[PDB]
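Enquirer:
Protein chains: 2
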Amino acid sequence: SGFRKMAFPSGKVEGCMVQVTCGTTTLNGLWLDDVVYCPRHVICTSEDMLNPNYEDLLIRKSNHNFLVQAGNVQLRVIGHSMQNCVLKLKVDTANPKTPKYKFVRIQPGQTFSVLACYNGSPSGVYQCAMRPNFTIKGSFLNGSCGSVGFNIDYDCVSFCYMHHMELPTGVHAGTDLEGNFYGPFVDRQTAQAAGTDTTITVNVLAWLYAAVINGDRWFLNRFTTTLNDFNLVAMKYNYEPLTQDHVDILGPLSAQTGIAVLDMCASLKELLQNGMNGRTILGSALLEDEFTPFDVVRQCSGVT
Amino acid sequence: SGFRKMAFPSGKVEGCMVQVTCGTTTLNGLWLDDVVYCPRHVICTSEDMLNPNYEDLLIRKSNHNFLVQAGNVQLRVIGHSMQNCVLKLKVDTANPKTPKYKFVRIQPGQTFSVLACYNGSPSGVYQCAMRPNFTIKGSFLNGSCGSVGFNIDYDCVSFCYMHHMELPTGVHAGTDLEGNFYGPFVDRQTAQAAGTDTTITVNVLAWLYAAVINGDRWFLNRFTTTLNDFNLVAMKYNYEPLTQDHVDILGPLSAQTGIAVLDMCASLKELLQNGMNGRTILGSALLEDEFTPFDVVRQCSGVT
Ligand SMILES: CS(=O)(=O)c1ccc(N2CCNCC2)cc1
Ligand SMILES: CS(=O)(=O)c1ccc(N2CCNCC2)cc1
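Protein chains in written order, with full-length UniProt numbering: chain A, 3264 to 3567; chain B, 3264 to 3567.
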């Protein structure tokens, strides 16, 4: 028993991290097969970031200007290309530690682990969620660009995020591994304000199910609600609307606990309206939304 | 910027996890050099756990009764011995993935990462603290025994914990890698109640410093206090007493932020007396105590 914010074991991704330097900029790259992926802003100086023309800046770069180092050994760059906001550096050596992998573009509400790196060296691993406004609340200092987000299914790593930017509000923006930003963000140092950071309702309900499974049951009430009634309260509290797809996804947690999804919605509704009253749920004084229903099932069953 | 509960990259420890089976029990082992370390309760049936005599149970076991599997390959056991509450299984093959390592016994308040494993397979990584009552609040299902806690200093892994027990209250107990339990706990299925789970004051202060560095400054007040005055309030709120050693340890955070340690103590004192008033600090509605001052410095500087 016990319920923790857990990240995937990072070993498979650690074997892919490399350091990429272009001029005076050093950031992280992801080495899979004979390609190194990194943010295209590696070619920008701090000055260029204010209004960069990436195609024009890239013309002044040749293969030998991209310095790729894996551990303390240099990789030979034999090609380079820009795909959206990522650069793909073809190297002459396939990464011997390349795991089975996929590139996936996640939806808001989905969680993933981030391996924060500096100079191609992993420093830490944490668990995140793609917010409904397409930002992530990460922990990234200068030099962390190119650090990646991923999920693991047994032995296959699905890479879903690459770190690019920090908005003026301290929240983070990045791309999938095809170089397309999540949300409306651009790799330019300009006014980019995030939209409403709503709460991921289906994730909160999943976490309330985890709480019940782990013994924290004080919040369970004698009420029920409907999807429409619940959603009126959810809109008022800046919670994402709950759909029948979400109810279907919570089905196994409902079955395991014997608590109908709409009953849990009514408990959540009273928690929103009454507050926690100084109490905690799974050691938290607020409603946690960075566990998906899949995460709750995985952690509560022990998927390796 | 941004501040996350971060675990160390788990790769170096993943390469050490093996599956140990003795009779009908399968749990995790840690393979370092030619020794596999695992909880000695691997020799117990669920019935034996009620009142086990480990020396007597171990007499009925031979080297060939301990089945050690690393990946899908079997290791040959050429010796076995009991050291406190851990079994050391000598194998004929040194782990080729053995990192540089130390065995350390941590003090309460110290944090570490746990690589939760099942059947010798890593399922997740999370960050923990040794509580002042010598329990840990982990996430461990049946089959997780033998999962380990560690800290990494560049390339050296300091193993500090091995999971053994879950108390009837759902909190966890375990040993250092010499087999000595943290706290008064024993590897027997009997009434073992934990003492007071007090808050790790020096860790809360470190985290308030992290909050200031990351822009969350609402809680800073116009007051100061003394160690003795602060400690009177800390005792009342079940917080650990703050010592001059703790003040010394917070010195670099005080220097970086320009906020004297005793001033931060006065802010913490008002947070204890007034509460959060529905506000959050670093996305938390309660005062976080599972970041040491060292962790705050490491995360805020980018140590890899
Ligand atoms: C606006 S920001 O803080 O997200 C940001 C600003 C600058 C950069 N650099 C790219 C690498 N070359 C140096 C400049 C990257 C991100
Ligand atoms: C009291 S408890 O839940 O912490 C616990 C109970 C039993 C066990 N087993 C050891 C391995 N063999 C089967 C029994 C381990 C821990």
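C-beta: ideal position from N, C-alpha, C; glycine also.
When we look at the beta-carbon of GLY3538(A) and count the other beta-carbons within 10 Å, is it buried (16 or more) or exposed?
Expert: exposed
Enquirer: Count Cβ pairs between the stretch 3272-3280 of chain B and the stretch 3481-3495 of chain A that sit closer than 8 Å; are there 3 or more?
Expert: no
Enquirer: Check whether chain B comes within 9 Å of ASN3414(A), counting only Cβ atoms and requiring the distance to be less than that.
Expert: no
Enquirer: By how many angstroms is the C-alpha of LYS3363(A) removed from the C-alpha of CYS3423(A)?
Expert: 14 Å
Enquirer: Taking contact to mean 3 or more Cβ pairs, one atom from each stretch, closer than 8 Å, check whether the stretch 3444-3459 of chain A and the stretch 3505-3519 of chain A are in contact.
Expert: no
Enquirer: Rounded to whole angstroms, what is the Cα-Cα separation between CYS3528(A) and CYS3285(A)?
Expert: 52 Å
Enquirer: Check whether the Cβ atoms of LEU3550(B) and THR3462(B) lie closer than 9 Å to each other.
Expert: yes
Enquirer: Bridge partners of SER3384(A), per DSSP?
Expert: Partner residues in the beta bridge of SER3384(A), as assigned by DSSP, are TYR3381(A).
Enquirer: Let me check you understand the geometry: is the CB of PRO3302(B) closer than 8 Å to at least one non-hydrogen atom of ligand 2?
Expert: Under cutoff, so the answer is yes.
Enquirer: From what residue to what residue does the alpha helix (DSSP H) around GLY3274(B) run?
Expert: It spans 3274-3277 - the alpha helix (DSSP H) in which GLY3274(B) sits, taken as one unbroken run.
Enquirer: What's the gap between the Cα of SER3264(A) and the Cα of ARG3480(A)?
Expert: 14 Å
Enquirer: Give the residues of chain B in contact with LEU3430(A), contact being defined as C-beta atoms less than 8 Å apart.
Expert: Going along chain B, no residue has its Cβ under 8 Å from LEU3430(A), so there is no contact; the nearest lies around 10 Å.
Enquirer: Taking 9 Å as the CB-CB limit, is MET3312(B) close to chain A?
Expert: no
Enquirer: Please list, in chain order, all residues of the same chain as residue 3586(A) whose beta carbon is under 7 Å from its beta carbon, the five residues on each side excluded.
Expert: Nothing about residue 3586(A) can be reported from this structure: the residues present for chain A run from 3264 to 3567 only.
Enquirer: Quick check: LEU3404(B) and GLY3565(A), are their CB atoms within less than 9 Å of each other?
Expert: Yes, Cβ-Cβ distance for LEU3404(B) and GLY3565(A) is below 9 Å.
Enquirer: For residue 3256(B), which of helix, strand or coil comes out of DSSP?
Expert: Outside the modelled stretch of chain B, which goes from 3264 to 3567, sits residue 3256(B), for which no answer is possible.
Enquirer: Closer than 8 Å is the cut-off here; do at least three beta carbon pairs connect the stretch 3348-3359 of chain A with the stretch 3551-3564 of chain A?
Expert: no
Enquirer: How many angstroms separate the CA atom of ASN3477(A) from the CA atom of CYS3279(B)?
Expert: 30 Å
Enquirer: Report the residues of the stretch 3524-3554 of chain A with a CB closer than 8 Å to any CB of chain B, ordered along the chain.
Expert: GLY3538, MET3539, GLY3541, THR3543, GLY3546, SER3547, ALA3548, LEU3549
Enquirer: In terms of residue numbering, what span does the alpha helix (DSSP H) encompassing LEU3531(A) cover?
Expert: Start and end: 3524-3537.
Enquirer: Beta-carbon of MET3345(A) versus every beta-carbon of chain B: anything under 9 Å?
Expert: no
Enquirer: Counting only Cβ-Cβ distances shorter than 9 Å, please list the residues of the stretch 3472-3497 of chain B near chain A, keeping chain order.
Expert: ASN3477, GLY3478
Enquirer: Compute the Euclidean distance between the alpha carbons of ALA3497(B) and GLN3519(A), then round it to the nearest angstrom.
Expert: 41 Å
Enquirer: Given a cut-off of 9 Å, decide if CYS3301(A) and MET3428(A) are closer than it, judged by their beta-carbon atoms.
Expert: no
Enquirer: Got a sec: which bits of the stretch 3393-3413 of chain A sit with their beta carbon under 7 Å from any beta carbon on chain B, in order along the chain?
Expert: Closer than 7 Å at the C-beta level to chain B, one finds these residues of the stretch 3393-3413 of chain A: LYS3400, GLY3401, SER3402, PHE3403, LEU3404, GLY3406.
Enquirer: State the Cα-Cα distance for the pair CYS3419(B) and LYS3365(B), rounded to the nearest angstrom.
Expert: 7 Å
Enquirer: For chain A, find out if any of its Cβ atoms is closer than 9 Å to the Cβ of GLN3337(B); answer yes or no.
Expert: no
Enquirer: Compare the C-alpha of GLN3282(B) against each of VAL3336(B), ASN3326(B), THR3308(B) and name the closest.
Expert: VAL3336(B)
Enquirer: I want to check one thing, is the minimum distance from the CB of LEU3430(A) to the heavy atoms of ligand 4 below 8 Å?
Expert: You won't find ligand 4 in this model; what it holds is ligand 1 and ligand 2.
Enquirer: Report the neighbours of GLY3446(A) on chain B: residues whose CB is nearer than 8 Å to its CB, in chain order.
Expert: Within chain B, no residue comes near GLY3446(A); the closest Cβ sits about 17 Å away, beyond 8 Å.
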